[PDB]
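Just the heavy atoms: all of them, side chains too, but no hydrogens, waters or symmetry mates, feed the values below. In the text below, chain A, chain B and the rest are named by the order of the sequence lines, each starting its count at 1.
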There are 2 protein chains.
Amino acid sequence: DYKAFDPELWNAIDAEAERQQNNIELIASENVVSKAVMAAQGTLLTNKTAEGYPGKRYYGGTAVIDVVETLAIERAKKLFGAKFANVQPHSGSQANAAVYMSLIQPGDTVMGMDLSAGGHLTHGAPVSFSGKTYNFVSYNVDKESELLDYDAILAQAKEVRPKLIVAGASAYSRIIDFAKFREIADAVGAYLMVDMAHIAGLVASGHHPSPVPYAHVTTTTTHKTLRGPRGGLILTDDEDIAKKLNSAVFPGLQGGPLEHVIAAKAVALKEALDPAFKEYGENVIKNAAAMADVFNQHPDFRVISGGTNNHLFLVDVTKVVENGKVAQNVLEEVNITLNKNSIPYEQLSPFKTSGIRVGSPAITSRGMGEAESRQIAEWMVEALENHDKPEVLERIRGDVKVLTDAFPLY
Amino acid sequence: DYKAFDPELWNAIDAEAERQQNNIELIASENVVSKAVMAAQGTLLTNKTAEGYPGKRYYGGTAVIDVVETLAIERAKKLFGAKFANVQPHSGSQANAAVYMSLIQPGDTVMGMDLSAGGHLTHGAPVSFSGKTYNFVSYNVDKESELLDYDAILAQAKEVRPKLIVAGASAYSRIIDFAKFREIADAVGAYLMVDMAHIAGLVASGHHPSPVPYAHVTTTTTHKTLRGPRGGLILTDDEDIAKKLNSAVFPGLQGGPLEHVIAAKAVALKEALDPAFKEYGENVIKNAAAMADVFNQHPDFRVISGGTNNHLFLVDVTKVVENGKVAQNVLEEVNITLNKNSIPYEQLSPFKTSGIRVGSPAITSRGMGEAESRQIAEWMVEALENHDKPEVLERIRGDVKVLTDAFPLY
Ligand SMILES: Cc1ncc(COP(=O)(O)O)c(/C=N/[C-](CO)C(=O)O)c1O
Ligand SMILES: *Cc1c(COP(=O)(O)O)cnc(C)c1O
Ligand code: NA
Ligand code: NA
């Protein structure tokens, strides 16, 4: 029993398999992967170094590695309708780094969705390599609708004359019109890159329009809505861009890939090609809307853009607690995890933020429904109304456990 | 079972576990991780995203993550005798990219060991971000002795005035004098970074002097001689540097870590703090020595530098086949995997090369010893001289099998 050898490691791996139990996970990014996926990542493909690409390895003994990677690649092309997939990127951050390195030059101009409006760090935060290597200019949503204004974005693109437009977000509730993004890119001579990391399982379930026919390159995490292992993926229909991408990922940015995690990508993409995955995304879409109803109705709150068509939404809580930092602090005490989150034209300071962010793929994968979500969101509006009242927060927490117990995990 | 849904994948895996029994693995980089290490990265810490560093997460629900990572950090610090450890890098390549980003500017001059003598891609190859972002200038071994010549490296450092010297290699058989490297760095006002990826388990076993007291920063894979999961690690004793390193890895280069890979780094780091790990490294040293003996004796074959004091060595072949490509092709035909390799002052093409590279760490992990190692080297001599006598190659194959059969894997 290897567990005997290292007791205090495998008993932190237990405080966690239980912290995941008695937690209500509403962090929009999170999910719960199959046993098939977790098992694949724990194979002895972690012993084999496979630098290069299938039938183009640096070394031999890579025949069987080539079969497994080729599956991931083909299942990705199939699921997303792309002519080329690269499955080696270690993360979404590496996937995106490889695209910048393939299409543009150090110092070129890049338009990205602002980190207020829900851009990733790697869509131009000055802390990130993205922000330091290239000249990132953000676009926002409209101040009153909180929707993408494609006319606004065009005018800005015409003045800024970016080489690359990144679309995709971590905090945007509504359907992105990728045909309009490609039309804006085309109007100014820019490449379009769509980071679909948040919506990729919705793109796979048929519930969100695919960026793949409109983006020059589409990047994604294989985790989040797509509910695969942590890692990255690049898709393109353009064979020249494919060649630059492949060269950018290896040996441009990376060495040997994590063939065990690639095995786990092949698995997650078979599960996403399953009819059952449409049900899942349908259930993801409702559970998020159900949950979102509750904040709209309540007078002191406000679901952002008045609602959601994907797996998530924001909320302005600055009428009920000092800031979203506080709102978040409060809700942990009750066994509810989600995140402080800027909101369009953020009032407060970055560390504080005017409100929270919710999503539904985690609770949805734990097999929960519309009742549960409404329930959870009442518990939230409750807890934030009564942030100063620990008898209350204690009563809510007893109840959170009622439900966590009720619904399992594996 | 899960294997039900996805045969094509799980029977590709089943099959790799067979190929890694029918194989003599002599690829110097490879090892055979424990069941504890696979098992641990095939757990459900993959579900949780842990942006930031212990007690400075972005999100809550961490805390039990903060304990698994704190374990890795503290095991790495105690195993290597370093004051600071960062266990977040996804790979050796991201570990190296994070040190460049912390210590030097784009365009800054860096001296690295020549790709031909053992330079890693990330030590300045023009096809790598390393080569493209910084001014890399390589040093080589002495032409006659095939040894690092520290008077020659200082003379070049005084001409080139690098901001950073990188010591460490993928194909060097001899003890590196890390104190001479830091003496040279100090003489020209340069940082010293050591990439100990290949030797990290011999540094851990006590069989290789440590870079940690002499390198401003030390990087490594957790895989290779350290026999951990695939990933990276950064060590320093300077607190100012550790702060810069930590920003550079996140949010500089990466997003959220593979906390399940990090769990499996805590596993491996405990397997290597164990008495038994010293015995492992001793057997690695003896095993490679045994194998290098055979090539010394035989007149047509020359071991580079005349021998080895670590886990690998290079053998020349261009008096007994066209090139090393042919060498490895022939050897694969017998169930012995290793790689072609440039030898110092390579004549032939990168794709062909005058040499093979041989390592003891995998076969040592399968509980093998000196007789076995000799046989393999005998076989590799037999086959390479009888390069087109397929009666021969097949007689060997059956013997290779007798032995691969004779020794287990798991
Ligand atoms: C000294 C050093 N640093 C970093 C890495 C990078 O390892 P990753 O692929 O980024 O995790 C390597 C790899 N080397 C090749 C294949 O193992 C090889 O054995 O020649 C290395 O030798
Ligand atoms: C969550 C997210 C990522 C995560 O990146 P990692 O490097 O895998 O942590 C990347 N891009 C986008 C748009 C995301 O929403
Ligand atoms: Na996803
Ligand atoms: Na190692």
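Residues that satisfy the side chain to side chain donor-acceptor pair (under 3.5 Å) test with A/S116, not counting sequence neighbours, are absent from this structure. The ring pair (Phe, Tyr, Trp, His ring centres under 6.0 Å) test applied to A/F277 returns A/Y280, not counting sequence neighbours. Looking at residues two or more places apart in sequence or on another chain, you find a ring pair (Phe, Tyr, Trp, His ring centres under 6.0 Å) between A/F136 and A/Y100. In this view, A/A288 and A/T308, A/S360 satisfy the side-chain contact (heavy atoms from CB on, under 4.5 Å) rule, not counting sequence neighbours. By the side-chain contact (heavy atoms from CB on, under 4.5 Å) test, A/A76 pairs with A/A85, A/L233, A/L235, A/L269, sequence neighbours left out. Every residue two or more places apart in sequence or in another chain that forms a side chain to side chain donor-acceptor pair (under 3.5 Å) with A/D293 is listed here: A/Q297, A/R374. A/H208 pairs by the side chain to side chain donor-acceptor pair (under 3.5 Å) definition with nothing, not counting sequence neighbours. Qualifying salt bridge (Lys or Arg N to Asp or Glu O under 4.0 Å) partners for A/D114, counting only residues two or more places apart in sequence or in other chains: none. Listed by chain and number, the residues in a side-chain contact (heavy atoms from CB on, under 4.5 Å) with A/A28 are A/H198, A/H311, A/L312, A/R357 (sequence neighbours excluded).
Checked for salt-bridge contact, A/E30 and A/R230 meet the test: a charged N lies under 4.0 Å from a carboxylate O. Under the 4.0 Å criterion applied to side-chain N and carboxylate O atoms, B/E69 and B/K48 are not assigned as salt-bridge partners.
Within the structure, no pair that satisfies the ring pair (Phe, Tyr, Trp, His ring centres under 6.0 Å) test touches residues 327-355 of chain A, not counting sequence neighbours. Note on residues 160-184 of chain A: pairs passing side-chain hydrogen bond (donor to acceptor under 3.5 Å, both in side chains), not counting sequence neighbours, are A/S173-A/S305, A/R174-A/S305, A/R174-A/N309, A/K180-A/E183, A/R182-A/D186. Identified under the side-chain hydrogen bond (donor to acceptor under 3.5 Å, both in side chains) test for residues 396-410 of chain A, with sequence neighbours left out: A/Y410-B/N47.
When every heavy atom of A/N135 is checked against every heavy atom of A/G107, the shortest pair comes out as CB-O, 3.9 Å. Closest heavy-atom contact between B/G252 and B/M101: CA-CE, 3.5 Å.
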